[PDB]
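The block underneath contains the structure these notes are about, expressed in C-alpha cells.
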Amino acid sequence: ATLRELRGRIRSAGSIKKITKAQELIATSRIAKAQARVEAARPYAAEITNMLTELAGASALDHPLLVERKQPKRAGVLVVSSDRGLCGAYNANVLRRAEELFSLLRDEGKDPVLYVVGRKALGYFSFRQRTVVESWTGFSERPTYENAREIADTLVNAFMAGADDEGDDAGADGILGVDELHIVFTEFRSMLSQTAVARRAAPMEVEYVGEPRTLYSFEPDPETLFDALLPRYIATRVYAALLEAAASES
Amino acid sequence: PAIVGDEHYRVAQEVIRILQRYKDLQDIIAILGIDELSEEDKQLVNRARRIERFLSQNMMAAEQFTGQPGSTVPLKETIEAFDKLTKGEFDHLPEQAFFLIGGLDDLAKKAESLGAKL
Amino acid sequence: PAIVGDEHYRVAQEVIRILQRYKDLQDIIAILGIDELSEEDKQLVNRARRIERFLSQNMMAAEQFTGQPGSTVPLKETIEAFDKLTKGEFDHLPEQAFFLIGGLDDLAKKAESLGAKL
Amino acid sequence: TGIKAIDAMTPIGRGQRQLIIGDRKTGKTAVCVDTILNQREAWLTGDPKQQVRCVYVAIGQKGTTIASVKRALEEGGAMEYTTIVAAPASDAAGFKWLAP
Amino acid sequence: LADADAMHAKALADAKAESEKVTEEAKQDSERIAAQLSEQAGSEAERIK
Amino acid sequence: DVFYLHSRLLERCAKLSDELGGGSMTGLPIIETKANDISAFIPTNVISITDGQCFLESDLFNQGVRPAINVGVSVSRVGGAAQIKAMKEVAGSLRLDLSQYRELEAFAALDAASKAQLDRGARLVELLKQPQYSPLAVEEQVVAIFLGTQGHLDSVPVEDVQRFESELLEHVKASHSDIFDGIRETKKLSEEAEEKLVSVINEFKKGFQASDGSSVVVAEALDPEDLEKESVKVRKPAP
Amino acid sequence: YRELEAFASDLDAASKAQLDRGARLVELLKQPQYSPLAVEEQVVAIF
Amino acid sequence: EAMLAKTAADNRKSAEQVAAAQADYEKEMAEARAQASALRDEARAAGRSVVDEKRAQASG
Ligand SMILES: Nc1ncnc2c1ncn2[C@@H]1O[C@H](COP(=O)(O)OP(=O)(O)OP(=O)(O)O)[C@@H](O)[C@H]1O
Ligand SMILES: [Mg+2]
C-alpha cells in the first residue's frame, strides 16, 4: 500500500503544482492590470489636489473636517484587506500594521473604531474579539470608484457625527461618531516591495508655502466649493488607497 | 446504448464524468480550498457530492446494522432522478438529504425533515 | 496519571496534542506556509514550534561538541514551564530563545540576549 | 466492554470475534483488560447465564508486562474469574505457537 | 420612571427568591452526592478487606 | 497455512445452539500493525477472519481521541443484534454519522446544514472520549449517547461536553436514579423514562456552569512620525 | 491545449483561440464503438 | 424648559433602569449558579479525599 498511497501523493502534488503555476501567471497579468489602473487614476487626483489647494489658499481654513477635535477619544481605523486568501503575507502584514496602530491609538486614550474592507480581516478580528462597525466585501480584487464613494461617505458621516457627540453621549444628533479617520493598507512600492502603511485620512492637516500673479474666480463662493469638494477629495484618496491595495495584493 | 437504451446510458455516462472530475478536483480542494475553483467547477463539485450521496441506499440486508428498513428504487425512477441530479435540479437541497434514501419521494421527505423542500 | 500525577500527565498530553496537530498540518504548511491556516491553527503552529524547540536541551555530554556546558532541569520546573508554554504564555518570545537551554531562567536570559524579555 | 465507543459503534456480542488491531501503544491491551474487568458485575450476580469467564493469552509478551496485567486484574478483582495462559518472550517458539 | 423603579424592585425580589431556591437545590444535590460517594467509598473499603 | 493457523483457532469462538447448552466463547484477538500498515499479511488474514475490528490509530490517540477508534474503518459484523434495545435506539446510526462527520470535516477543512453537522459531530466525538479504567454501565452509556444523538449537547460548548456528561451522569445516579433501573430491567428506554430524562437534562442544564462562564441553557506602535498624515496643501506663508 | 487547460480564461487572445481549438479537436477525436471511418471521411473530419 | 429637560433625563433614566434591572437579575442568577457549582465541586473534592483516605487506611 506504501507505493499506492505514495503515487497518489505524487498525483496530488502534481495537481497542486499545476494550479499554483496557473495562479502565478494569472496574478502576473492582474498585477499588470492593477498597475495600469493605478496610472489611469493619477491625473484626476493630481489636479484635484491643485484645485483643493487653490480653494484652501483662497478661503478660510475652517472646514469641520479640517479642524482638529479637542480631547480626541475615538479614532476611526479602516483596514483594507483582501477577499481571497492565496496571498501569503498580505493580510498578515496589513493586520500587524493595524495592531501597531491600535496600540498607539490606545496609548493616547483613543479607542479605535473599526471599519473593514475585505473578508480576511473580518476573520482575524472575529478571532481577536474586536467588533467591526461596518464591512465592505466582494471588490478587493478590482475596486471601482463607486465602492470608494460609499466607504468615504460612511466614514465621513461617522467623523461628522462626533462633532455633536459629547463624552460617551451622542448629543443632539444622537449618533455616536469618531474623532479621526485612519486607513491601513498595503502601498505597492514595486514588485518586491509591499508594505502596510497607516494613514490618517482625517482630520485634515495644513501645510504652507509662501508662494499669486493672478486670482482665481470662484462660483458662487470659494467656501461653497471647498465644502462641496473636500468629501470628494476624501473619496479620491480612499479610491487611490484601494487601487494600491489591489496592486499589492496581486 | 444498444441494451440499456440511450437515456440510461447517457445518464450513467454523465454521472461517471461528474464523479471523475470531482475525484480529480478533490486534491486541490483538500489543499487549497473550494473557493479557488472555477464557478463551473464549484457547481460540479456540489452536484458530484449530491450524486455520490444519492448513489448510497438503505438496503434491506443492512437493517440489522442501521435499524432503518430498506428501500427499492425502480430503474426508471433511478434514471430520471440521476438525470435531474446531473442537471442540478436538486442543488438547493442539503447534501445530507441524499444519504441512505430510496427514490425521489424519500429525498423529498428527508429534505423536508431538514427544513428544505423539493 | 496514577503514577506521575494529574498535573504532569495533563501537561504532557497537552504538549503531545499540540505537536500532533503540528504534524498533521505539515501537509498544508509544506506547500502554502502558515498563511492559509485559521487563526487557531496559526496560534497552535507557533506554540508547537516553540514547544519543539524547548524540548531540546544543552546536554552534559554535548559540551565536547560545542563547548557550552549542559544543564539540569528539575521535573517540577519542566512541568511548570511546559504548562506555561501550552497556555501560550511565551508566544511573544522568539523561537531561538527556546533552543538548547535549560529551565525558565535560561529562557529569560536567552530572550534578553535576543532583544526580547520574559 | 464498558467502553462507550465500542459498545455504541462496534458492539460486541457473545460468540463474536472482534479484532483489536493497531500500532504499538495504541491502547489495545487497555481495551481488552477493561473488557475483562467490566465482567465483575456479571460474575457477582452468580447466574452462569450472566457470568463471563475470562481467558488471557499472553504470547511473546515480556514477563513483567504479564505481571502488570495480572496486577491490573487483581486490583479490580477480575482474577476470580480469569485464567492467564502465559507464553513470555523467553519461551521457545513452541509455547508461543501453542498458547492460543 | 415610576414603572421602571417598580419593575427593578420586582426583578430584584424575584432574583432573591430564585437565588434562594437555586442555592437550596444545589445544597440538596451536594448532600446527595456526598452521601452516594461515601457509600461507594465504604463499598470499596469492604472490597479491599 | 498461516491463514489456516489463525482461522481454525478463531472459528472455535462461537455461540452454541440451545441443544449444546447455549454456551458461547467471545474472541478478542489483538494484532500489532507496523507503521499503520493494515495491508500487511497477518493483519489482512485476521481482518478477513474475524467478525469486525476496532482499528486503533496513533494519530487519533495523540489528538486526544482515547480510545483511538478509527470510526471510518472500525465495524462490528453483528451490529444491533449485539446491543440492548435502548442502545440500538439511541445509537442507531452513530458510527455511520461519525464517518460522515469525519468526511465533511476533511472536505470543509458554509450552509447551515454543514455547520450543524460539524458541530454535532464534534460534540459526539467529545462524548465518546473515555479515560482508562473508568467503565460505564450499559444504562449510563445509553444515557450518554442519548445526550449526544438527541441534540442535548448542542447548547453546551465542545470543551465542556465531557464534564457535562460526567456531571449529568453523577446527578442521575444521585437523584432520578430510577431511569438507570428502568434501562437495566427492561433493556429499553420507555417513553415516560425519556420524558423524565429530558426534563432532568433541561434542569441540570439550567444548573450547569460553562467553563468559560456562560450558560448552556437551550504590540509595539508606529513612531508617531511614521504615521503619514493626510494634509491639504495651502499656497500661503504661515501666520 | 493540454498545457494551457491544465493552466486554465482572461488569457492572451491567441491562448484563448488555442483553448477553443483544442477543446474542439478533443471532441473531434472521440468516436463511438463499432464505428470505424473510411480514410477519406477521417481526412474530412480532421480537415 | 426645565420640564422638557427633566422629561428627556427621565426617559434616559427609565431606559437605563430597565436595562440595569434585567442585567442585575441576570448577574445575580449567574452568581447563584456559580455558587451552586462551587458547592457541588467542593463536595465532590471532599468526597474524593474521603474515599482516597479511607481506602488508604483500610489497605494499611
Ligand atoms: N482510554 C485511555 N485513556 C488514556 N490513556 C490510555 C487509554 N487507553 C490506554 N491508555 C494508555 O496508553 C498506553 C498504551 O496502552 P496499552 O499498553 O494498552 O497499549 P498497546 O497497544 O496494547 O501497547 P503495546 O504495543 O505496548 O502492547 C498506556 O499508557 C495506557 O495506559
Ligand atoms: Mg499490549
> Which whole-Hz couplings ³J(HN,Hα) result when phi for each residue of the range F:75-91 is put into the Karplus expression 6.51 cos²θ - 1.76 cosθ + 1.60, θ = phi - 60°, listed in order with x for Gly and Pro?
Replying inline: 7, 10, 7, 8, x, x, 4, 9, 10, 6, 4, 4, 5, 4, 5, 5, 10
>> I'd like the distance between the alpha-carbon centres of the range A:176-250 and chain E, rounded to an integer number of Å.
In response: 63 Å
> From largest to smallest, what semi-axes in whole angstrom does chain B give when each is the square root of 5 times an eigenvalue of its alpha carbon gyration tensor?
Replying inline: 24, 20, 14
> Which residue of chain C is nearest the rotation axis onto chain B, counting by its Cβ, and what is the distance in whole Å?
Replying inline: C:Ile31, 4
>> Could you tell me the calculated FRET efficiency between H:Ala34 and A:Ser103, based on Cβ-Cβ distance and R0 = 30 angstrom, to the nearest 0.05?
In response: 0.35
> Which entries in the list C:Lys87/C:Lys109; D:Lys28/D:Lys70; D:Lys4/F:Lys85 go over 18 Å, if you measure between the two C-alpha atoms of each?
Replying inline: C:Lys87/C:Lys109
> For chain F, what value does the Rg/Rh ratio take when both radii are computed over Cα atoms and Rh is the Kirkwood radius, given to two decimals?
Replying inline: 1.22
> What is the dipole size for chain C, taken about its Cα centre, with +1 at each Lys and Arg Cβ and -1 at each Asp and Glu Cβ, in debye to the nearest 20?
Replying inline: 200 debye
>> Are there any trypsin sites (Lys or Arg not before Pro) in the range D:21-100 that are in a DSSP loop and have at most 16 other Cβ atoms within 10 Å? List them by number.
In response: D:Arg24, D:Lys25, D:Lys49, D:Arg53, D:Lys62
> Given H placed 1.01 Å from N in the peptide plane, which residues other than close sequence neighbours of D:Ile84 have an amide H under 5 Å from its amide H?
Replying inline: D:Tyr56
> Local charge sum around D:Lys4 (other residues, Cβ-Cβ under 14 Å, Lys/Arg +1, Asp/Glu -1)?
Replying inline: -2
> Among F:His6, C:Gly103, B:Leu37, whose Cα lies farthest out toward the positive end of the dipole of the protein assembly as shown, if unit charges sit on the beta carbon of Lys, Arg (+1) and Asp, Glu (-1)?
Replying inline: F:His6
>> If you average 1/r across every pair of different Cα atoms in the range A:22-250 and take the reciprocal, what Kirkwood value do you get, in Å?
In response: 18.8 Å
>> Helix-only estimate, please: 222 nm mean residue ellipticity of chain D, summing -39500 (n - 2.57) across DSSP H runs of length 4 or more and dividing by its residues, to the nearest 500.
In response: -11000 deg cm²/dmol
> Hey, got the Cα dimensions of the protein assembly as shown along the principal axes, in Å, largest first?
Replying inline: 121, 98, 75
> With charges set only on the Cβ (+1 for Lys and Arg, -1 for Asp and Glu), what does the dipole of the range A:1-136 come to about its Cα centre, in debye to the nearest 20?
Replying inline: 1220 debye
> Mean residue ellipticity at 222 nm from the helices of chain F, using -39,500 (n - 2.57) per DSSP H segment of n ≥ 4 over the full residue count, to the nearest 500 deg cm²/dmol?
Replying inline: -14000 deg cm²/dmol
> Put the label 7 Å from Cα along Cα→Cβ for C:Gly33; what are its distances to the other copies, in nanometres, shortest first?
Replying inline: 1.6
> Against the longest principal axis of chain H, how steep is helix H:2-59, in degrees 0 to 90 to the nearest 10, with axes from Cα atoms?
Replying inline: 0 degrees
>> Skipping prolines and chain starts, which residues have an amide H placed within reach, meaning under 5 Å, of the one on A:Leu181, given they are 5 or more residues away or on another chain?
In response: A:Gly76, A:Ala201, A:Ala202
> To the nearest Å, what is the center-to-center distance of the range F:98-150 and the range H:21-55, using C-alpha atoms only?
Replying inline: 28 Å
>> Which of rounded, prolate or oblate describes the range A:57-158 when judged by the alpha-carbon gyration tensor and an a/c cut-off of 1.5?
In response: oblate
>> Using only the Cα atoms of the range F:181-239, what are the Rg and Dmax in Å?
In response: 33.3, 98
>> Rounded to the nearest 20 debye, what is the charge dipole size of the protein assembly as shown about its Cα centre when +1 sits on each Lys and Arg Cβ and -1 on each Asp and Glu Cβ?
In response: 3760 debye
>> Considering only C-alpha atoms, what is the centroid distance from the range B:61-94 to the range C:14-81, in Å?
In response: 50 Å
>> How far apart, in nanometres, would the label points at H:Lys27 and C:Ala108 be if each is projected 7 angstrom from Cα along the Cα-to-Cβ direction?
In response: 3.8 nm
> Shortest first, in nm, what separates the label point of B:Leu118 from those of the same position in the other copies (7 Å along Cα→Cβ)?
Replying inline: 6.7
>> Counting other beta carbons within 10 Å of each residue's own, what order do C:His8, B:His92 fall into, fewest first?
In response: B:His92, C:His8
> If you count, for every residue in F:72-80, the Cβ atoms of partner chains within 10 Å of its Cβ, what is the mean?
Replying inline: 6
>> Once the label point is set 7 Å along the Cα-to-beta-carbon vector, what list of distances in nm do you get between B:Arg17 and its counterparts in the other copies?
In response: 4.8
>> Skipping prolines and chain starts, which residues have an amide H placed within reach, meaning under 5 Å, of the one on A:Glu207, given they are 5 or more residues away or on another chain?
In response: F:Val232, F:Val234
>> Straight-line reach from D:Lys62: which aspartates and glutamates fall under 13 Å, measuring Cα to Cα and dropping same-chain residues less than 8 apart?
In response: D:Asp91
> Order of F:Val2, H:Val50 from fewest to most other C-beta atoms within 10 Å?
Replying inline: F:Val2, H:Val50
> How large is the helix-only mean residue ellipticity at 222 nm for chain A, computed as the sum of -39500 (n - 2.57) over DSSP H runs with n ≥ 4, divided by its residue count, in deg cm²/dmol to the nearest 500?
Replying inline: -18000 deg cm²/dmol
> From the backbone phi of the range C:76-86, what are the Karplus-calculated ³J(HN,Hα) couplings (6.51 cos²θ - 1.76 cosθ + 1.60, θ = phi - 60°) in whole Hz, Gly and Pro given as x?
Replying inline: 4, 5, 4, 4, 4, 5, 6, 4, 4, 4, 4
> If you take the beta carbon distance between F:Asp111 and A:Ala13 as r and set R0 to 45 Å, what does 1/(1 + (r/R0)^6) give as a FRET efficiency, to the nearest 0.05?
Replying inline: 0.90
> Does chain E come out rounded, prolate or oblate by the C-alpha gyration tensor, with a ≥ b ≥ c the root eigenvalues, rounded set by a/c under 1.5 and, if not, prolate when a/b is larger than b/c and oblate if not?
Replying inline: prolate
> Label-point separation (nm) for A:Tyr44 and F:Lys196, each offset 7 Å from Cα along Cα-to-Cβ?
Replying inline: 7.6 nm
>> Along the charge dipole of the range D:30-75, pointing to its positive end and built from +1/-1 on Cβ of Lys, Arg, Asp and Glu, which listed residue (D:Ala58, D:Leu73, D:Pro48) has its Cα farthest out?
In response: D:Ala58
>> Run the paramagnetic zone check for G:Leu11: 7 angstrom along Cα to Cβ, then residues of the range B:1-44 with backbone nitrogen under 18 Å.
In response: B:37-41
>> Among F:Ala35, F:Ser166, F:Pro239, which residue has its Cα furthest toward the positive end of the charge dipole of chain F, with +1 on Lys/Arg Cβ and -1 on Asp/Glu Cβ?
In response: F:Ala35
> For the range A:36-42, what does the Karplus curve 6.51 cos²θ - 1.76 cosθ + 1.60, with θ = phi - 60°, yield as ³J(HN,Hα) per residue in whole Hz, taken in order and with x for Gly and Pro?
Replying inline: 4, 5, 6, 5, 4, 9, 5
>> What is the angle, in °, between the Cα long axis of helix E:2-48 and the longest principal axis of the Cα atoms in chain E? Nearest 10 is fine, range 0 to 90.
In response: 0 degrees
>> Under a crude label model (7 Å from the Cα following the beta-carbon direction), how far is F:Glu103 from C:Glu63 in nanometres?
In response: 6.1 nm
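For neighbour counting, all protein chains shown are included, and Cβ atoms are generated from backbone atoms with ideal geometry for every residue, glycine included. No value in this document is a laboratory result; all are computed from the given coordinates.
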